[PDB]
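Here is the structure we will look at.
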Amino acid sequence: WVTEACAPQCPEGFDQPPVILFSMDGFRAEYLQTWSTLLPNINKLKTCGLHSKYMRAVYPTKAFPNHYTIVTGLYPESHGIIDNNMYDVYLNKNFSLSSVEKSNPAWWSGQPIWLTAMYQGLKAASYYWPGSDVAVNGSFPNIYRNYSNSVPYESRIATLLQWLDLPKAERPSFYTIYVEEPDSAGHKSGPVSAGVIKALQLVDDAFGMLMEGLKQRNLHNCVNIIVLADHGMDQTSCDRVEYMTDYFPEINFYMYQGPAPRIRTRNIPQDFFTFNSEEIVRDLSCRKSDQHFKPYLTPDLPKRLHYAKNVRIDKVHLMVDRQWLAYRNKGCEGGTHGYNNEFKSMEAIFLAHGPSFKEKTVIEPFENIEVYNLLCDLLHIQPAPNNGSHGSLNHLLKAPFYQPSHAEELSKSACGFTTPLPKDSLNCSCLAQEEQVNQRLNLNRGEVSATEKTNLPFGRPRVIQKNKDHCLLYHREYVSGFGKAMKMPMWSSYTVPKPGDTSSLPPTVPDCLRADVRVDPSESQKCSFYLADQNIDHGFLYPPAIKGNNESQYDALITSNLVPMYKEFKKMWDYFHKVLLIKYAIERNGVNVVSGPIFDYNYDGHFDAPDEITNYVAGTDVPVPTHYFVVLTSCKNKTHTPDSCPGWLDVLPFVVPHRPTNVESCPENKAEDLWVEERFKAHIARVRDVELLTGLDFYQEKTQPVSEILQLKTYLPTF
Ligand SMILES: Nc1ncnc2c1ncn2[C@@H]1O[C@H](COP(=O)(O)NP(=O)(O)OP(=O)(O)O)[C@@H](O)[C@H]1O
Ligand SMILES: *[C@@H]1O[C@H](CO)[C@@H](O[C@@H]2O[C@H](CO)[C@@H](O)[C@H](O)[C@H]2NC(C)=O)[C@H](O)[C@H]1NC(C)=O
Ligand SMILES: *[C@@H]1O[C@H](CO)[C@@H](O[C@@H]2O[C@H](CO)[C@@H](O)[C@H](O)[C@H]2NC(C)=O)[C@H](O)[C@H]1NC(C)=O
Ligand SMILES: *[C@@H]1O[C@H](CO)[C@@H](O[C@@H]2O[C@H](CO)[C@@H](O)[C@H](O)[C@H]2NC(C)=O)[C@H](O)[C@H]1NC(C)=O
Ligand SMILES: *[C@@H]1O[C@H](CO)[C@@H](O)[C@H](O)[C@H]1NC(C)=O
Ligand SMILES: [Ca+2]
Ligand SMILES: [Zn+2]
Ligand SMILES: [Zn+2]
Numbered sequence: 140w141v142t143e144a145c146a151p152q153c154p155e156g157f158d159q160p161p162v163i164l165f166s167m168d169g170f171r172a173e174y175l176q177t178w179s180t181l182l183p184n185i186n187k188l189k190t191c192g193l194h195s196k197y198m199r200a201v202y203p204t205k206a207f208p209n210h211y212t213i214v215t216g217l218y219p220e221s222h223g224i225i226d227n228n229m230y231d232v233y234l235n236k237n238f239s240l241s242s243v244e245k246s247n248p249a250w251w252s253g254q255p256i257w258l259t260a261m262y263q264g265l266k267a268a269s270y271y272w273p274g275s276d277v278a279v280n281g282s283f284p285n286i287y288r289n290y291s292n293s294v295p296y297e298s299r300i301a302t303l304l305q306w307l308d309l310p311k312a313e314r315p316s317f318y319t320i321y322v323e324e325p326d327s328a329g330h331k332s333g334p335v336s337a338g339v340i341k342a343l344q345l346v347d348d349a350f351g352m353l354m355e356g357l358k359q360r361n362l363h364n365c366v367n368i369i370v371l372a373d374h375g376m377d378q379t380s381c382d383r384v385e386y387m388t389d390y391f392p393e394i395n396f397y398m399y400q401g402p403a404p405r406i407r408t409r410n411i412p413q414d415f416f417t418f419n420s421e422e423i424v425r426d427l428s429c430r431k432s433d434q435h436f437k438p439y440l441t442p443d444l445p446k447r448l449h450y451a452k453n454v455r456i457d458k459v460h461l462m463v464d465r466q467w468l469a470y471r472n473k474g478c479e480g481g482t483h484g485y486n487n488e489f490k491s492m493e494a495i496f497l498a499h500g501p502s503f504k505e506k507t508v509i510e511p512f513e514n515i516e517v518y519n520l521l522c523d524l525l526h527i528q529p530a531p532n533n534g535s536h537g538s539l540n541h542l543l544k545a546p547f548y549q550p551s552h553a554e555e556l557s558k559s560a562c563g564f565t566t567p568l569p570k571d572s573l574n575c576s577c578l579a585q586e587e588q589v590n591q592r593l594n595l596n597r598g599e600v601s602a603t604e605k606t607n608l609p610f611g612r613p614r615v616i617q618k619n620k621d622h623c624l625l626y627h628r629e630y631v632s633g634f635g636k637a638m639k640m641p642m643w644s645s646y647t648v649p650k651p652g653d654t655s656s657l658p659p660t661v662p663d664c665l666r667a668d669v670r671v672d673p674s675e676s677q678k679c680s681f682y683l684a685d686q687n688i689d690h691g692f693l694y695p696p697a698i699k700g701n702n703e704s705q706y707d708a709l710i711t712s713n714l715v716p717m718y719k720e721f722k723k724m725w726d727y728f729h730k731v732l733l734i735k736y737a738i739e740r741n742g743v744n745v746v747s748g749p750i751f752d753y754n755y756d757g758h759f760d761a762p763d764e765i766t767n768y769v770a771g772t773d774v775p776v777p778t779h780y781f782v783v784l785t786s787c788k789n790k791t792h793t794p795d796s797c798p799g800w801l802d803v804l805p806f807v808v809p810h811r812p813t814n815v816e817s818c819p820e821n822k823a824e825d826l827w828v829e830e831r832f833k834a835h836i837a838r839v840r841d842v843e844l845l846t847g848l849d850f851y852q853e854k855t856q857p858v859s860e861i862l863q864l865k866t867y868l869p870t871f
């Protein structure tokens with residue numbers, strides 16, 4: 140097989160292609176992009192078959208959360224396995240690799256692929272996998288095997304080939320195989336060592352034994368083999384470790400030491416809920432200028448990670464930088483994993499071979515949460531509710547099983564111009585003159601279609617929320633979707649064109665703010681609402697001084713486009729729309745911005761119901777957003793503008809947390825140009841992430857297949 144050339152070639156007896164999920168622990172993308180030629184069998188698979196540049200892991204980048212994420216399609220917070228070592232309050236038990244509690248079905252949530260196959264009339268066998276040796280939802284896989292890390296790989300492969308020798312009735316359709324290397328060698332020496340090469344050569348022979356075995360069984364060109372990894376590897380040193388003793392006078396708390404630290408109380412389960420978690424982050428927030436970590440609360444963490452809604456995730460969490468560790472006391479060598487999944491060193495591998503997959507194709511990077519949807523499509527089975535976008539991975543397959551469709555709108559738009568005179572002043576006034589700008593808001597059929605072409609190129613974001621009373625408001629420079637109930641816009645779409653050298657930019661008009669004649673005063677936001685609240689003040693979603701002359705910016709300064717913002721948050725919001733937005737408009741040759749509020753007080757990752765919202769503006773029914781999104785959209789080819797682009801798009805979304813203090817960025821000593829960009833970049837999320845938090849599906853009028861649009865939806869930009 141290793142000497143053979145690139146080729151369904153399935154023989155009689157086998158009617159459907161079998162799926163094998165090969166896992167090589169700690170096999171980073173760096174290993175495949177540098178040492179691939181040293182691996183004869185793996186190099187023959189990357190050339191003939193299909194492979195990605197890298198496969199994005201899930202935080203924390205460890206075996207048990209990632210392996211179980213691949214088989215379920217759920218985030219660690221949803222499937223329960225948030226860490227290899229964790230504690231449950233309600234069950235009052237400790238989960239550990241050495242403990243017997245690993246076999247307890249109460250820890251394991253969701254439905255893995257092997258069970259999904261069994262519930263749909265397909266047998267599933269497994270030779271090692273975190274969860275396969277556990278009775279998830281009562282049932283066990285058809286051929287499960289109790290874990291033993293010291294078993295030789297040749298015997299593991301031999302028994303898997305023996306399962307394929309079984310007759311059609313007893314013969315399983317789905318398989319999984321786990322390998323400890325090149326992870327064990329990564330901890331022993333490091334990611335750039337001779338030790339990992341020997342382990343990489345050892346996994347190559349192990350994969351070689353499977354392909355050579357399948358060759359004599361005439362299944363090497365029939366089997367849909369998927370060789371992937373859980374995480375990557377990063378070098379560590381005893382000099383590159385942050386000690387907690389240098390931050391606290393006395394340690395009276397339990398900490399999960401390593402790349403993903405979690406602070407918990409010792410007295411459990413009584414003092415768990417009453418433990419002052421917000422105190423620890425406050426005592427760790429920018430204590431040193433050369434600090435190698437950042438303390439975070441569960442909802443304060445970047446939304447893209449999806450690591451908050453689970454009782455096992457301790458409220459106080461630590462975000463350690465690249466190559467650096469965190470320990471409780473003074474009492478390391480080689481390498482480790484558990485860091486941010488966005489990091490280059492934590493990028494896993496993905497390689498596939500078979501008749502279902504496209505031959506000699508190098509696909510773009512994707513998240514492990516999507517593997518479950520692909521596995522279901524390969525086995526011809528309906529998936530269980532997972533967090534992966536079904537249909538996103540159709541570009542990998544020659545013949546896609548699931549054809550995705552656009553998200554159905556559950557709420558119809560129904562605001563209209565009648566007279567330019569306002570019924571109620573709403574305690575707001577502009578010093579400037586007669587009401588001439590009020591008639592400019594009133595646009596004819598042609599003028600509406602003009603702004604629905606320039607500022608709305610991919611169409612209006614459809615409301616996926618049930619009974620959401622909303623109205624569409626049109627302006628010459630921006631189109632917005634006002635939310636009648638929350639008295640603020642859900643979204644605001646506007647295409648900023650490519651500007652000149654622009655050394656001096658026009659400033660925003662101060663003290664000028666009028667009332668909207670289209671929106672009814674009962675559903676309108678009053679300026680007196682922010683008068684009583686000293687902490688929160690009126691902020692505009694769409695910046696007025698971004699398009700046109702001094703007269704044109706009068707449309708934004710109205711009761712509409714007004715959203716509640718903190719005085720400290722405005723420093724991040726205004727600087728981004730005055731310096732950064734223009735800077736990235738030059739690089740992309742114009743940019744389409746879709747911005748709005750996010751309500752996620754229950755930190756589940758989904759949009760909040762009116763009852764779910766806990767904080768409102770002082771003595772008013774207008775809510776306060778938890779986060780604010782900014783979706784920047786352009787094109788892959790820089791020659792075209794977002795208003796008129798034929799081809800593939802380029803996206804840069806954000807989920808900026810709406811916090812009363814900039815304690816996350818730490819603005820002390822640093823000028824706005826040194827921390828605003830850094831925070832936005834740290835809070836970059838997928839288009840699917842903004843969609844789930846708002847209940848607004850984007851890009852529905854874009855002339856491209858639903859499968860191709862989902863690739864942009866799942867896309868996460870990495871710098
Ligand atoms: N199904 C399983 N059941 C129990 N233990 C397993 C199973 N699969 C793998 N393991 C064990 O989990 C290890 C991989 O876990 P990890 O890579 O997540 N953690 P490790 O390398 O020990 O170091 P840390 O950075 O977490 O300190 C393997 O080497 C096995 O010993
Ligand atoms: C889980 O294991 C930890 C130890 O790893 C246990 O923590 C101890 O809990 C007692 C109170 O019950 C404290 O006084 C000790 O200080 C804790 N130990 C350490 C090392 O800090 C915990 O009780 C275990 N939980 C269960 C349910 O087994
Ligand atoms: C994996 O190990 C477990 C625990 O040793 C085995 O489970 C036992 O199975 C027998 C029947 O074979 C039952 O009578 C026991 O009650 C089970 N114990 C527990 C704690 O579940 C299991 O059979 C082993 N599986 C394999 C494939 O070796
Ligand atoms: C990931 O998917 C799961 C399943 O679709 C979601 O979990 C469900 O969420 C609803 C609403 O909160 C609950 O009523 C269900 O009980 C949950 N089920 C399970 C098994 O957890 C989860 O919210 C999704 N997460 C994201 C980020 O999309
Ligand atoms: C558990 O198994 C039963 C079998 O009847 C099934 O109906 C149910 O959906 C399963 N639940 C999960 C969470 O897999
Ligand atoms: Ca929510
Ligand atoms: Zn691992
Ligand atoms: Zn490991």
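Using the entry's author numbering, the letters of the sequence shown correspond one by one to residues 140 to 146, 151 to 474, 478 to 560, 562 to 579, 585 to 871.
All C-beta atoms, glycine included, are put in the ideal place defined by N, C-alpha and C.
Alpha carbons only, please: which of the options is nearest the one belonging to residue i?
i	options	result
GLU816	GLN378, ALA144, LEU440	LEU440
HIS627	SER601, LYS341, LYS735, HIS483	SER601
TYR296	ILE320, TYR736, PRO315, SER316	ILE320
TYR397	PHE415, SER380, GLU555	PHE415
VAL715	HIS792, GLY635, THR565, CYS787	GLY635
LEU864	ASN767, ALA823, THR785	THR785
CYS797	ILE836, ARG840, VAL808, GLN856	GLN856
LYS205	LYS189, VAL232, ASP168	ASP168
Anyone know if the C-beta pair for residue i and residue j falls short of 7 Å?
i	j	result
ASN741	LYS650	yes
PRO273	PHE207	yes
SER535	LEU862	yes
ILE616	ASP849	yes
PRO161	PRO501	no
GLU720	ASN814	yes
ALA770	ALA637	no
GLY480	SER332	yes
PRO567	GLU587	yes
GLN852	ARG666	no
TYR753	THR772	no
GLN677	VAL774	yes
Ignore the nearest five residues each way along the sequence and tell me which others in residue i's own chain have a CB closer than 7 Å to its CB.
i	result
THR507	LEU193
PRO550	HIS536, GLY537, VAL858, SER859, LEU862
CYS623	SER559, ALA560, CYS562, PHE634, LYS636
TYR755	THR441, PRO442, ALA451, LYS452
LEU345	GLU324
Can you round the beta-carbon distance between residue i and residue j to whole angstroms, since I take them to be within the 8 Å contact cut?
i	j	result
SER293	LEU258	No, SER293 and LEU258 are not in contact; Cβ-Cβ is about 28 Å, not under 8 Å.
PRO511	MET198	7 Å
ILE515	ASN486	Not confirmed; about 16 Å, so no contact.
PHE170	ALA372	4 Å
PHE781	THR846	7 Å
Excluding the five sequence neighbours on either side, which residues of its own chain have a C-beta within less than 6 Å of the C-beta of residue i, listed in chain order?
i	result
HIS222	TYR211, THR215, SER252, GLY253
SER645	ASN607, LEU608, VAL631, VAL746
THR647	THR606, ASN607, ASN744, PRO794, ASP795
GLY757	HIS449, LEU844
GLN705	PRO696, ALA697
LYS620	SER557
Tell me which residues share the same chain as residue i and place their Cβ nearer than 8 Å to its Cβ, disregarding the 5 neighbours each side in the sequence.
i	result
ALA278	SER246, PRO248
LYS473	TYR386, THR388
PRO777	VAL715, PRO716, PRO749, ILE750, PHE751, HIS810
*For the stretch 458 to 471 and the stretch 168 to 186, state whether three or more C-beta atom pairs, one from each stretch, are separated by less than 8 Å.*
In short, these stretches do not touch, since the Cβ pair count stays below three.
_Contact between the stretch 307 to 325 and the stretch 264 to 273 is defined here as three or more beta-carbon pairs at a separation below 8 Å; is this criterion met?_
In short, these stretches touch, since the Cβ pair count reaches three.
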